[PDB]
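Enquirer: Give me the fold of what follows.
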Amino acid sequence: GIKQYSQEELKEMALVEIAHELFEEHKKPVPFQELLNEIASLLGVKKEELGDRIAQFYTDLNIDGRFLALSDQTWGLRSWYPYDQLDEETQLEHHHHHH
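Expert: Residues are numbered from 1 along each chain as shown. Find the structure here:
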């Protein structure tokens with residue numbers, strides 16, 4: 001799954017951490033609902049069953065240290081500009097422990 005994560009490793013991570021890797025795999029910008037539909041599919045669930053996790057994901061992602069929204073609906077991964085990885089999987093979910 002995605003780079004090297006099997007389903008159990010994905011299901012244990014925050015939806016935003018999945019979203020980083022999904023985007024690091026994608027390297028393209030995705031609308032919220034469509035990205036969510038891919039997340040839904042990664043987890044093997046219906047997006048409606050996520051209930052609380054929807055609002056959580058939205059709140060988490062929208063104030064996240066990763067992601068940048070392009071026009072409005074779409075979100076894009078930040079790695080396509082300088083910071084600590086320029087489109088390279090050199091980081092693999094950048095928790096960035098200190099430096």
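Enquirer: Work out which residue lies at the spatial centre of this structure.
Expert: residue 19 (1.3 Å; CA atoms, centre = their mean).
Enquirer: ok now do that residue, which residues does it touch?
Expert: For residue 19, the contact set (CB atoms under 8 Å, 6 or more residues apart in numbering) comprises 35, 39, 57, 61, 66-67. Yep, even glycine has a C-beta here, placed from its N, CA and C like the rest.
Enquirer: how about those residues in JSON lines, adding neighbour count, distance to residue 9 and secondary structure?
Expert: Listed next are the contacts of residue 19 as JSON lines, based on neighbours: other CB atoms under 10 Å; distance: CB to CB, whole Å; DSSP: H, G, I helix; E, B strand; the rest coil:
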{"residue": "35", "neighbour count": "22", "distance to residue 9": "20", "secondary structure": "helix"}
{"residue": "39", "neighbour count": "21", "distance to residue 9": "15", "secondary structure": "helix"}
{"residue": "57", "neighbour count": "21", "distance to residue 9": "18", "secondary structure": "helix"}
{"residue": "61", "neighbour count": "20", "distance to residue 9": "20", "secondary structure": "helix"}
{"residue": "66", "neighbour count": "18", "distance to residue 9": "18", "secondary structure": "coil"}
{"residue": "67", "neighbour count": "19", "distance to residue 9": "21", "secondary structure": "coil"}
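Enquirer: Return the closest of these with respect to residue 14.
Expert: Within the contacts of residue 19, proximity to residue 14 (CB to CB) peaks at residue 57, which comes in at 8.5 Å.
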